[PDB]
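coords_19.txt (compact mmCIF, C-alpha atoms) appears below.
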```
# COMPACT_ATOMS: atom_id res chain seq x y z
CA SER A 24 0.00 0.00 0.00
CA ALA A 25 3.11 2.17 0.31
CA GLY A 26 2.49 4.21 -2.83
CA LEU A 27 0.40 7.32 -3.47
CA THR A 28 2.60 10.05 -4.96
CA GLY A 29 0.68 12.62 -7.00
CA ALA A 30 -2.12 11.68 -9.40
CA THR A 31 0.03 8.78 -10.58
CA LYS A 32 -1.76 6.48 -8.16
CA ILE A 33 -5.30 7.35 -9.20
CA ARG A 34 -4.07 7.38 -12.79
CA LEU A 35 -3.02 3.73 -12.60
CA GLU A 36 -6.22 2.78 -10.82
CA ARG A 37 -8.49 4.07 -13.57
CA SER A 38 -6.14 2.84 -16.29
CA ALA A 39 -6.12 -0.57 -14.60
CA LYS A 40 -9.90 -0.91 -14.59
CA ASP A 41 -9.96 -0.48 -18.36
CA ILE A 42 -7.95 -3.67 -18.50
CA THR A 43 -10.61 -6.03 -17.22
CA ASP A 44 -13.50 -3.87 -18.36
CA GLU A 45 -12.32 -3.94 -21.95
CA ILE A 46 -11.52 -7.62 -22.32
CA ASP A 47 -14.72 -8.33 -20.44
CA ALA A 48 -16.80 -6.69 -23.17
CA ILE A 49 -15.63 -9.58 -25.35
CA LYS A 50 -17.42 -12.15 -23.19
CA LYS A 51 -20.59 -10.06 -23.41
CA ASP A 52 -20.36 -9.84 -27.20
CA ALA A 53 -19.61 -13.56 -27.42
CA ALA A 54 -22.92 -14.23 -25.68
CA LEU A 55 -24.75 -13.00 -28.78
CA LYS A 56 -23.35 -15.89 -30.82
CA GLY A 57 -23.06 -19.46 -29.56
CA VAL A 58 -19.30 -19.96 -29.25
CA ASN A 59 -17.24 -22.32 -27.11
CA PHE A 60 -14.79 -19.55 -26.22
CA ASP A 61 -12.00 -21.70 -24.80
CA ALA A 62 -10.58 -24.82 -26.46
CA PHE A 63 -7.46 -24.10 -24.42
CA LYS A 64 -7.23 -27.79 -23.57
CA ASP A 65 -3.61 -28.93 -23.88
CA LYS A 66 -2.91 -27.38 -27.29
CA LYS A 67 -5.18 -25.93 -29.96
CA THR A 68 -4.85 -26.93 -33.61
CA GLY A 69 -6.34 -25.29 -36.70
CA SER A 70 -4.90 -21.77 -36.81
CA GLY A 71 -8.02 -19.71 -37.50
CA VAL A 72 -9.36 -22.45 -39.77
CA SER A 73 -12.01 -24.54 -38.03
CA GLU A 74 -10.97 -23.08 -34.69
CA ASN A 75 -13.47 -20.22 -34.46
CA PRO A 76 -11.00 -17.36 -35.21
CA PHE A 77 -12.95 -15.59 -32.47
CA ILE A 78 -10.55 -16.68 -29.74
CA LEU A 79 -7.41 -16.13 -31.82
CA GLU A 80 -8.58 -12.73 -33.04
CA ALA A 81 -9.89 -11.92 -29.57
CA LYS A 82 -6.53 -12.77 -28.01
CA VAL A 83 -5.37 -9.69 -29.90
CA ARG A 84 -8.05 -7.24 -28.76
CA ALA A 85 -7.59 -8.50 -25.20
CA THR A 86 -3.84 -7.92 -25.14
CA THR A 87 -4.37 -4.65 -26.96
CA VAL A 88 -5.39 -2.72 -23.86
CA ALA A 89 -2.99 -4.64 -21.63
CA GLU A 90 -0.10 -3.73 -23.91
CA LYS A 91 -0.50 -0.02 -23.20
CA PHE A 92 -0.44 -0.89 -19.52
CA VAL A 93 3.08 -2.29 -19.79
CA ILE A 94 4.38 0.95 -21.27
CA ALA A 95 2.98 2.72 -18.21
CA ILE A 96 5.47 0.85 -16.05
CA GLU A 97 8.37 1.80 -18.29
CA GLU A 98 7.40 5.47 -18.38
CA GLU A 99 6.51 5.43 -14.69
CA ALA A 100 9.85 3.81 -13.88
CA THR A 101 11.62 6.95 -15.08
CA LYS A 102 9.55 9.19 -12.83
CA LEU A 103 9.67 6.56 -10.10
CA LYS A 104 13.47 6.73 -10.03
CA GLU A 105 13.03 9.03 -7.03
CA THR A 106 12.77 7.45 -3.59
CA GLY A 107 13.46 3.98 -5.01
CA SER A 108 13.76 1.10 -2.54
CA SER A 109 12.47 -2.38 -3.34
CA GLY A 110 9.38 -1.41 -1.37
CA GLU A 111 8.30 1.14 -3.97
CA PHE A 112 9.27 -1.05 -6.92
CA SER A 113 7.52 -4.02 -5.33
CA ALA A 114 4.28 -2.10 -5.83
CA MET A 115 5.02 -2.05 -9.56
CA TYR A 116 5.50 -5.80 -9.82
CA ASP A 117 2.22 -6.35 -7.97
CA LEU A 118 0.29 -4.67 -10.78
CA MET A 119 1.87 -7.11 -13.20
CA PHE A 120 0.79 -10.19 -11.28
CA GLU A 121 -2.66 -8.78 -10.54
CA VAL A 122 -3.12 -8.09 -14.24
CA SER A 123 -1.46 -11.36 -15.19
CA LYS A 124 -4.29 -13.26 -13.49
CA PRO A 125 -7.24 -11.90 -15.52
CA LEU A 126 -5.34 -12.60 -18.74
CA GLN A 127 -4.54 -16.05 -17.45
CA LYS A 128 -8.14 -17.23 -17.64
CA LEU A 129 -8.23 -16.24 -21.30
CA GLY A 130 -4.88 -17.92 -21.98
CA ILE A 131 -2.11 -15.74 -23.38
CA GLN A 132 1.33 -17.12 -22.61
CA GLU A 133 3.75 -18.12 -19.85
CA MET A 134 3.89 -14.52 -18.64
CA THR A 135 3.39 -15.26 -14.95
CA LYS A 136 6.42 -17.50 -15.44
CA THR A 137 8.45 -15.33 -17.80
CA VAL A 138 8.07 -12.30 -15.57
CA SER A 139 9.01 -14.29 -12.47
CA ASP A 140 11.76 -16.15 -14.30
CA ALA A 141 13.40 -12.80 -15.00
CA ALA A 142 13.56 -12.07 -11.28
CA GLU A 143 16.31 -14.65 -10.96
CA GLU A 144 18.32 -13.16 -13.80
CA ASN A 145 18.31 -9.66 -12.31
CA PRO A 146 16.25 -9.36 -9.07
CA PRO A 147 14.63 -5.90 -9.48
CA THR A 148 16.49 -3.88 -6.84
CA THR A 149 16.79 -0.59 -8.72
CA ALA A 150 14.85 1.53 -11.21
CA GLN A 151 17.02 0.17 -14.02
CA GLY A 152 16.16 -3.33 -12.84
CA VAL A 153 12.46 -2.86 -13.58
CA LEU A 154 13.28 -1.55 -17.03
CA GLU A 155 14.54 -5.00 -17.92
CA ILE A 156 11.25 -6.68 -17.07
CA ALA A 157 9.29 -3.87 -18.73
CA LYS A 158 11.05 -4.51 -22.04
CA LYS A 159 10.52 -8.24 -21.58
CA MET A 160 6.85 -7.59 -20.97
CA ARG A 161 6.14 -5.34 -23.93
CA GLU A 162 8.30 -7.44 -26.22
CA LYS A 163 6.83 -10.81 -25.33
CA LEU A 164 3.34 -9.59 -24.59
CA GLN A 165 3.32 -8.15 -28.09
CA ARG A 166 4.24 -11.57 -29.46
CA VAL A 167 0.59 -12.44 -28.84
CA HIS A 168 -0.47 -10.24 -31.76
CA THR A 169 2.43 -11.54 -33.83
CA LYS A 170 1.16 -15.11 -33.92
CA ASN A 171 -2.41 -14.04 -34.64
CA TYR A 172 -1.23 -11.54 -37.23
CA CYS A 173 1.09 -14.05 -38.88
CA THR A 174 -1.25 -17.03 -38.61
CA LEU A 175 -4.09 -15.15 -40.27
CA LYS A 176 -1.73 -14.12 -43.04
CA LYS A 177 -1.79 -17.79 -43.99
CA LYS A 178 -4.67 -16.96 -46.32
CA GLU A 179 -2.58 -14.51 -48.31
CA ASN A 180 0.50 -16.74 -48.24
CA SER A 181 -1.56 -19.79 -49.21
CA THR A 182 1.21 -21.83 -50.81
CA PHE A 183 4.80 -20.73 -50.21
CA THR A 184 6.09 -23.72 -48.25
CA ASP A 185 8.80 -21.45 -46.87
CA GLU A 186 7.66 -18.63 -44.57
CA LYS A 187 9.73 -18.13 -41.43
CA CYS A 188 7.59 -15.11 -40.57
CA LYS A 189 10.21 -12.97 -38.82
CA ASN A 190 9.32 -9.28 -39.05
CA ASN A 191 11.01 -8.67 -35.70
```

Mind turning this structure into structure tokens?
Amino acid sequence: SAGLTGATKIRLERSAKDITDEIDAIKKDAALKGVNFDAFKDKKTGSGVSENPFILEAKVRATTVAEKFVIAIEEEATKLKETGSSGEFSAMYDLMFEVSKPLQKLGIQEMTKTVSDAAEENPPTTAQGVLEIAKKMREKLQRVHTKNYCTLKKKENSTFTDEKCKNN
């Protein structure tokens, strides 16, 4: 709870709500049409085809709002520099986990693991320490749209039995 600063606190609170509130709208819209909305059992196979592209495409709109959230940490880290102490930074990591849960139900990636796995590499003890995770978050988190964007491109590619798909 040790964290209030200026309007930065209330700013994150409102910006955080948009996270669940946005992705939630998807579930409401899905109600209109009879869709399984899941198929996360073990591993999914079909790539858009057969597998109601709703989930795949949705996985993009869901991470869309969350993505912006990650940047907040990076930008906030600069202004956070002040004070410092693992106590203040710890409050930043909390937001990640708290937000990592909602996205978990949907099924994005091994974020909860990737983010925690990075802690061993460079245990966030300074402002620069958080920057590492931030980059890892935005970079990987964005990968979610990469697969959906590349997979869907299968229609345009059609043939071409040689597409590494590496635009980054």

* Write out as a list in words the residues lying within 12 Å of region 67-69 of chain A, counting all atoms listed in the file and excluding same-chain residues fewer than 4 positions away. =>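 My reading of the contact set: residues 61, 62, 63, 73, 74, 75, 76, 78, 79, 130, 174, 175 and 177 of chain A.
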
Residues near residue 169 (chain A), cut-off 12 Å, only C-alpha atoms, skip fewer than 2 positions along chain, as an mmCIF file with C-alpha atoms, keeping the file's coordinate frame:
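That gives us result.cif:
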```cif
data_model
loop_
_atom_site.group_PDB
_atom_site.id
_atom_site.type_symbol
_atom_site.label_atom_id
_atom_site.label_comp_id
_atom_site.auth_asym_id
_atom_site.auth_seq_id
_atom_site.Cartn_x
_atom_site.Cartn_y
_atom_site.Cartn_z
ATOM 1 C CA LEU A 79 -7.410 -16.130 -31.820
ATOM 2 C CA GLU A 80 -8.580 -12.730 -33.040
ATOM 3 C CA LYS A 82 -6.530 -12.770 -28.010
ATOM 4 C CA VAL A 83 -5.370 -9.690 -29.900
ATOM 5 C CA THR A 86 -3.840 -7.920 -25.140
ATOM 6 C CA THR A 87 -4.370 -4.650 -26.960
ATOM 7 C CA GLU A 162 8.300 -7.440 -26.220
ATOM 8 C CA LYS A 163 6.830 -10.810 -25.330
ATOM 9 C CA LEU A 164 3.340 -9.590 -24.590
ATOM 10 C CA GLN A 165 3.320 -8.150 -28.090
ATOM 11 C CA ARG A 166 4.240 -11.570 -29.460
ATOM 12 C CA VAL A 167 0.590 -12.440 -28.840
ATOM 13 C CA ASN A 171 -2.410 -14.040 -34.640
ATOM 14 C CA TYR A 172 -1.230 -11.540 -37.230
ATOM 15 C CA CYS A 173 1.090 -14.050 -38.880
ATOM 16 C CA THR A 174 -1.250 -17.030 -38.610
ATOM 17 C CA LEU A 175 -4.090 -15.150 -40.270
ATOM 18 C CA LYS A 176 -1.730 -14.120 -43.040
ATOM 19 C CA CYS A 188 7.590 -15.110 -40.570
ATOM 20 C CA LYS A 189 10.210 -12.970 -38.820
ATOM 21 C CA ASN A 190 9.320 -9.280 -39.050
ATOM 22 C CA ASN A 191 11.010 -8.670 -35.700
#
```

* Can you work out the spacing between CA of residue 27 (chain A) and CA of residue 128 (chain A) in Å, to one decimal? => 29.6 Å

* Counting only C-alpha atoms, which of A:89, A:102, A:54, A:28 gets nearest to residue 121 (chain A)? ->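 The shortest atom-to-atom distance to residue 121 (chain A) comes from A:89.
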
* Which polymer residues have any atom within 9 Å of an atom of residue 115 (chain A), counting all atoms listed in the file, with same-chain residues fewer than 5 positions away left out, as a PyMOL selection string? -> chain A and resi 96+100+153

Only C-alpha atoms, please: the residues just picked out, written as a short mmCIF file (atom, residue, chain, number, x, y, z; two decimals), in the frame of the given file.
```cif
data_model
loop_
_atom_site.label_atom_id
_atom_site.label_comp_id
_atom_site.auth_asym_id
_atom_site.auth_seq_id
_atom_site.Cartn_x
_atom_site.Cartn_y
_atom_site.Cartn_z
CA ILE A 96 5.47 0.85 -16.05
CA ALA A 100 9.85 3.81 -13.88
CA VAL A 153 12.46 -2.86 -13.58
#
```

* Give the answer as one residue: which of A:131, A:126, A:104, A:148 has the shortest atom-to-atom distance to residue 47 (chain A), using all atoms listed in the file? => A:126

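Counting from CA of residue 168 (chain A), the distance to CA of residue 90 (chain A) is 10.2 Å.
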
Missing atoms in region 52-73 of chain A should be modelled up to N, CA and C atoms and reported as a CSV table (one decimal), in the coordinates of the input.
```csv
chain,number,residue,atom,x,y,z
A,52,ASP,N,-20.1,-9.8,-25.8
A,52,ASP,CA,-20.4,-9.8,-27.2
A,52,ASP,C,-20.4,-11.3,-27.7
A,53,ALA,N,-19.6,-12.1,-27.1
A,53,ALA,CA,-19.6,-13.6,-27.4
A,53,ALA,C,-21.0,-14.2,-27.1
A,54,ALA,N,-21.6,-13.7,-26.1
A,54,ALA,CA,-22.9,-14.2,-25.7
A,54,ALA,C,-23.9,-14.2,-26.8
A,55,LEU,N,-23.8,-13.2,-27.7
A,55,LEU,CA,-24.8,-13.0,-28.8
A,55,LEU,C,-24.7,-14.2,-29.7
A,56,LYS,N,-23.5,-14.7,-30.0
A,56,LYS,CA,-23.4,-15.9,-30.8
A,56,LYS,C,-22.9,-17.1,-30.0
A,57,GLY,N,-23.4,-18.2,-30.3
A,57,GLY,CA,-23.1,-19.5,-29.6
A,57,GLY,C,-21.7,-19.9,-29.9
A,58,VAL,N,-20.7,-19.6,-29.0
A,58,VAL,CA,-19.3,-20.0,-29.2
A,58,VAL,C,-18.7,-20.6,-28.0
A,59,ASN,N,-17.9,-21.6,-28.2
A,59,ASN,CA,-17.2,-22.3,-27.1
A,59,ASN,C,-16.4,-21.4,-26.3
A,60,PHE,N,-15.6,-20.5,-26.9
A,60,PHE,CA,-14.8,-19.6,-26.2
A,60,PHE,C,-13.9,-20.3,-25.2
A,61,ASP,N,-12.9,-21.0,-25.7
A,61,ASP,CA,-12.0,-21.7,-24.8
A,61,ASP,C,-11.1,-22.6,-25.6
A,62,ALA,N,-11.4,-23.9,-25.7
A,62,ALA,CA,-10.6,-24.8,-26.5
A,62,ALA,C,-9.1,-24.7,-26.1
A,63,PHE,N,-8.8,-24.3,-24.9
A,63,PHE,CA,-7.5,-24.1,-24.4
A,63,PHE,C,-6.9,-25.4,-23.9
A,64,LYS,N,-7.7,-26.5,-24.1
A,64,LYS,CA,-7.2,-27.8,-23.6
A,64,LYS,C,-5.9,-28.2,-24.2
A,65,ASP,N,-4.9,-28.5,-23.4
A,65,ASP,CA,-3.6,-28.9,-23.9
A,65,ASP,C,-3.1,-27.9,-24.9
A,66,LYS,N,-3.3,-28.2,-26.2
A,66,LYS,CA,-2.9,-27.4,-27.3
A,66,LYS,C,-4.0,-27.3,-28.4
A,67,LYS,N,-4.2,-26.1,-28.9
A,67,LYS,CA,-5.2,-25.9,-30.0
A,67,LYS,C,-4.6,-26.1,-31.3
A,68,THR,N,-5.3,-26.7,-32.3
A,68,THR,CA,-4.8,-26.9,-33.6
A,68,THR,C,-5.9,-26.5,-34.6
A,69,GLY,N,-5.4,-25.7,-35.6
A,69,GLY,CA,-6.3,-25.3,-36.7
A,69,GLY,C,-5.9,-24.0,-37.3
A,70,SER,N,-5.4,-23.1,-36.4
A,70,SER,CA,-4.9,-21.8,-36.8
A,70,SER,C,-6.0,-21.0,-37.6
A,71,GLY,N,-6.9,-20.4,-36.9
A,71,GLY,CA,-8.0,-19.7,-37.5
A,71,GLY,C,-9.0,-20.7,-38.2
A,72,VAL,N,-8.5,-21.5,-39.1
A,72,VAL,CA,-9.4,-22.4,-39.8
A,72,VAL,C,-10.0,-23.4,-38.8
A,73,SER,N,-11.3,-23.6,-38.9
A,73,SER,CA,-12.0,-24.5,-38.0
A,73,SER,C,-12.1,-23.9,-36.6
```
